[PDB]
Amino acid sequence: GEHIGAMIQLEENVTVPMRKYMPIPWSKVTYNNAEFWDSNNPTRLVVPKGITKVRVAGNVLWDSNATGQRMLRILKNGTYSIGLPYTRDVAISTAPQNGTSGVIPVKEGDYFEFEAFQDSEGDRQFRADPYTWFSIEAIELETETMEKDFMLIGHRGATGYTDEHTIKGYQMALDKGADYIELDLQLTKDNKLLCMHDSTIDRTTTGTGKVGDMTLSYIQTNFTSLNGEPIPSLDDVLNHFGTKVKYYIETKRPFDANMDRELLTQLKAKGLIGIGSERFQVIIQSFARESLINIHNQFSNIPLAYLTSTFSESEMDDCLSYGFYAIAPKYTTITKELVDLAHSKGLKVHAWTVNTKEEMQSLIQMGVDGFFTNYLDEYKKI
Amino acid sequence: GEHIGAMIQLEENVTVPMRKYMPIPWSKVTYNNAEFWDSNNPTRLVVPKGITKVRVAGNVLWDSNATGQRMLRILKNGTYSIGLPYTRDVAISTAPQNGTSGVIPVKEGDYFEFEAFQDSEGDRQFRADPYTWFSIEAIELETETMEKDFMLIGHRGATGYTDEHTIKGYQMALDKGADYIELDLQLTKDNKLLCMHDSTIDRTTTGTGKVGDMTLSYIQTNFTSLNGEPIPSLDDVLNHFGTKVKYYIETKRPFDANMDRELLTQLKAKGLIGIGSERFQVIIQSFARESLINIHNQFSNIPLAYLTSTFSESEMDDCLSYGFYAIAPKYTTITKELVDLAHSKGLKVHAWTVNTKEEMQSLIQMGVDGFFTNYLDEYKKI
Amino acid sequence: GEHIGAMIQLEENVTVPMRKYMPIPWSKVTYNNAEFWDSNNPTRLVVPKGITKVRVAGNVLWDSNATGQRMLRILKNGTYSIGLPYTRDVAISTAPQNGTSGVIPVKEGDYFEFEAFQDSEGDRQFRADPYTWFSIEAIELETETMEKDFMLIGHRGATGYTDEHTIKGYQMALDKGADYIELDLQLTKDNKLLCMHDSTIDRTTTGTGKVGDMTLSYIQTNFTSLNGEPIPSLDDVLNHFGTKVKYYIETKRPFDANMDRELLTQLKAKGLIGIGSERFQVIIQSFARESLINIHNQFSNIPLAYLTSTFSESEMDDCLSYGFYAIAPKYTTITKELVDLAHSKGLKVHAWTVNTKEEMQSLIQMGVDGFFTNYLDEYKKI
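In the order they appear, the protein sequences are chains A, A' and A''. A prime marks a further copy of an entry chain.
The opening position of the first sequence corresponds to residue 467 in the authors' numbering, with each subsequent residue numbered one higher.
The opening position of the second sequence corresponds to residue 467 in the authors' numbering, with each subsequent residue numbered one higher.
The opening position of the third sequence corresponds to residue 467 in the authors' numbering, with each subsequent residue numbered one higher.
Laid out in structure tokens, this is it:
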């Protein structure tokens, strides 16, 4: 490919008053691929639209003075940010300072400023020298994410029209127009995962007892759903659908690291997550914030949704702090004011358990970004 | 892809005399993809042919001594260069020093040397330690640029055979063999751009008055060229030709930032410049050096040409200093000596207003790299 | 593409005892593409499976204290490694420290730890601040290398069935199933390379005298093999086969830099080595370790094999130290114990001059990775 980035340097020495922080007004450009700098805003390196992650670095050269300290610092949007360099050291002769940042995320409109500080008697000269430069590099570029402005979820297999949590039900939901299928998983006596909602299988299947009481093979062989359909495991569903379908997955409210570890291993084995996966092909939700944090610490690219029944500004702020992709409040608690507030904060709002066309239309008017509907065709009836 | 770069390290400690600058004679290679190092020139990391931009970094480890200062410095071609690291700090214990360069341009034959300096009593040992290494990385690789050794420009739409500055004229020039079409632009009463040469439209069109006196719509609707052809705007020409054609554009001699800003916005909107554009698909010329500098500060990849009528070594040196791609002197002032001098400096020479076959042949013998010819087929008659 | 890497940071300040080295127990993740960090091993950044080269960097922020020194250090697998940063400097105020590593090789399971050291009175606080982070980036990813688990070499052109070192012989060996053809080269009176085994051409060709006595043209025109076949030069063989075939090349036991330089130039001219080449499409062997070192210093990606007749642990250790790909001991000296020892060290074992099916089967039972067989079809008779 071709390098994307820019580098700027001074043409005349800048004077730094003693013990005062000062962004450097860079004057000329060594090179600039596309609009990384603006003449009317010399102190700022601006990130253009088509960039997601950048690397920033610079170097400094002062006039000969062996007193006080010198500082090299880079600020994002005029304030501190993660992954930026910072250096202080004793000054001898010109006391050059060099620093480089790690790969950090950014968005259109973000800017970086080179900040300098000195503690020597009198003013100091920020020399315009080949060893005095400010550079920014683009590491990641925007690309199609498979995301949709509105997402329709086949709530628990679209059981409103057929049996719940079965391959036939998932296929019917996809045919009816489901954007995402919802999967509920529990561990059997073995480490394998079984697709069911209730902890006890008696409600949904001819069998009885907890899912963890017996092995996966016995449960899948000796028992079947009330409609006689097979009880598919996670591996079976993944093999049947593969990458053709986007999956919505819920974890246990009672947090357990083994469940998340097994789910992540199974998902990575099929390539649905990780280096070779698509960002939005899989979405994970959970009432347990700890499970979401654990998943994020391992796979940060996986979008996460937080399930709650107390939609409020506190919950939205908490979700924004941890970087969750969306918040899933109960539909009864949603109002246009809260939806607008969430959109301002950058969070997506999904209403779950929507089963009436009038309520669906009201939520659409409220601007809700997605629904978990047991009945799917009502969306077409709007 | 695969990583391209090299890293070298010492096998025996090097002795650095007090207060003397010394390139480090590196002895062994940790890894080297392709000819980045030479045994007979240990102090130099050499850039192979197929590289355009590189990143250089290194680290140092000295013997235990808490007196004086230590220096880390990298030189290009034995002299200072932009974007290279430089560090000095007080020495405690081994006083390791680390530095990294930004992305900088290079060409085949360029080399980088690791320079060290110390100010402690007696000699110091440049220890051969895993924390003492010199590395160079390749960021950008050479690729097809769409450039041509000789460029024929359809001077102002090849008006010698048809009407000037119209879509039909541009198409005729392209058919006759024009490599680049020349566009002259002025702002209307609105911010839109109109393709014309003279400030007043009476000479070229049935209308009259300055282009900025009235809006684009009125000018394009109520007026037409003396041949009855439409008066195309920049957007119309770009839509008609798109990326199929390479454009030559001239800016106003009286510098005005609004003109350049609008031109750049229009060009980027079509993808002719910026991240996704081809380097040589667009060329910009101007008598105003300030306009060229302003364009370069925003889009450094766009080749720039300087129009002048006083071809001299001073102008060539000035253009080389600002990094212009070519110089466009008047054909009457061109001589083989000056063409050879320009080629030695690395600048391309384009002769403008060439309308005779004998003069064209003479200039070709002089080695001129391109012509702005009102009559195009004469080039085929050579 | 998409960025692959991770960055971690502290959530609570860590206390560093005076004059003690301490890996930093990082607590939270800023971002992590795929399994670069583990909660139960906070101090370690772990390299996943699909990575070959990485870049590691970090930054530190201490509490305000102007006494003693501060250290920034990164360790690989709990010990020192090449290409990692190291910095010590005098402390003023918070004394931030920044460092970045060069591109270094890695393998699955390798981990990096951030080590800190301070020499101030009392304990120091490793502040959890946006300017305190630990990052690792992936530069190179695993890709198909064209390598094979077992390699069959057409020993000196498979002369057992036809004439040695001729295009017809090489083609016959390839047809019979040869994975690699073996080439023996010597310099003629000119710098060109001639494909022959013996220094004197009388044994293999109708001519006589040393290869260097006369020019390539005279040797190739006035002389022919005992079977009347042409005496091909290296360029002729490369043109005839090009990239369709993988080459095995041997250099002179008496080291001479001119031979290696000419061979490398010829190979690069055809693209068989360098930036655009495939790693395992060419293999070079030599009895002279100096020649292998010289080739490695210029092209580190070329796999190298060491020819010896004294198979022993000392030779395997020496080859591992210099990073040779394989060791080629005499078949009579090979035993399953030594093959297992070589495999534990990571070296491949090739037995040369194997011309009996029983010995070939015995070596296969020993686990030998390849054979140089004058008779090829015996491998199919196993």
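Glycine included, every Cβ here is placed at the ideal spot set by N, Cα and C.
So A'':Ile-605 contacts chain A'; which residues on that side make the cut at Cβ distance below 7 Å?
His-469
Go ahead and pull the three-state DSSP assignment for A':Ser-586.
coil
What residues in the region 504 to 526 of chain A have a beta carbon less than 7 Å from any beta carbon of chain A''?
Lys-519
Under DSSP, the beta strand (DSSP E) around A'':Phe-837 begins and ends at which residues?
836 to 839
Any chain A' beta carbon closer than 7 Å to A'':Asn-499
no
Report buried or exposed for A'':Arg-521, applying the criterion of at least 16 other Cβ atoms within 10 angstroms of its Cβ.
buried
Determine which residues of the region 586 to 611 of chain A'' have a Cβ less than 7 Å from any Cβ of chain A, and write them out in chain order.
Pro-596, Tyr-597, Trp-599, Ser-601, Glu-603
Quick one: what does DSSP say A'':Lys-642 is sitting in, helix, strand or coil?
helix
Using DSSP with H/G/I as helix, E/B as strand and the rest coil, what is A:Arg-593?
coil
Would you give the residue range spanned by the alpha helix (DSSP H) that A:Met-617 belongs to?
Looking at the DSSP string, A:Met-617 is not in any alpha helix (DSSP H); the run it does join, the beta strand (DSSP E), is 617 to 620.
Measuring straight from C-alpha to C-alpha, what distance separates A':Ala-644 and A':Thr-609?
24 Å
Sequence-distant residues of the same chain with beta carbon closer than 8 Å to A:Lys-796, five excluded per side
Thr-774, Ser-775, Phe-777, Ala-817, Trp-818, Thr-819
Is any beta-carbon of chain A' found at less than 7 Å from that of A'':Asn-763?
yes
So, under 8 Å CB-CB, A:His-663 and A:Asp-679 are touching, yes? Tell me the CB distance rounded to an integer number of Å.
Actually they do not touch by this definition, with Cβ atoms about 17 Å apart.
Let's test the definition: count the other Cβ atoms within 10 Å of the Cβ of A:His-621 and tell me whether it reaches 16, buried, or not, exposed.
buried
So, is the C-beta of A'':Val-556 closer than 7 Å to a C-beta in chain A?
yes
Please report how far the alpha carbon of A':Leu-700 lies from the alpha carbon of A':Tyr-627, in whole angstroms.
22 Å
Answer with yes or no whether the minimum CB distance from A':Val-569 to chain A is below 7 Å.
yes
Cβ closer than 8 Å: which chain A'' residues qualify as neighbours of A':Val-495?
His-762, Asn-763, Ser-766
Just to make sure I have the definition right: I need the residues of chain A' whose C-beta is within less than 8 Å of the C-beta of A:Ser-559. Which are they?
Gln-535, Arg-554
Excluding sequence positions up to five away, which residues of its chain have a Cβ less than 8 Å from the Cβ of A:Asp-668?
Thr-674, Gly-675
Assuming A:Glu-606 contacts A'':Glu-468 (C-beta within less than 8 Å), just tell me the rounded distance between them.
6 Å
Output the boundary residues of the alpha helix (DSSP H) element that contains A'':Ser-559.
First-last for A'':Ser-559: undefined, no H or E at that position.
Using beta-carbon positions only, say whether A':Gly-534 and A':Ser-493 come within less than 7 Å of one another.
no
A'':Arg-485 to A'':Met-832 span [Cα, whole Å]:
53 Å
Is there at least one Cβ from chain A'' nearer than 7 Å to A:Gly-565's Cβ?
yes
Enumerated in chain order, which unbroken segments of the alpha helix (DSSP H) with a length of 4 residues or greater are wholly contained in the region 637 to 688 of chain A'?
682 to 688
A':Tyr-791 and A':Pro-769: beta carbons closer than 7 Å?
yes
Around the Cβ of A:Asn-705, are there at least 16 other Cβ atoms within 10 angstroms (buried) or fewer (exposed)?
exposed
Taking DSSP as the reference, what is the three-state secondary structure of A:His-816?
strand
Mind pulling the chain A'' residues with CB within less than 8 Å of A:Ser-547?
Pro-596
Chain-order list of residues whose beta-carbon lies under 6 Å from that of A:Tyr-487 (same chain, five-residue window excluded)
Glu-581, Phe-583
Quick check on A:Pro-769 - is its C-beta less than 7 Å from some C-beta in chain A''?
no
Distance between A:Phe-592 and A:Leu-527 (C-alpha atoms, nearest Å)
6 Å
What did DSSP end up calling A:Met-782 once you bin it into helix, strand or coil?
helix
Which one of A':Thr-681, A':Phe-753, A':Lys-811, A':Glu-613 has the shortest CA to CA distance from A':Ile-715?
A':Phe-753
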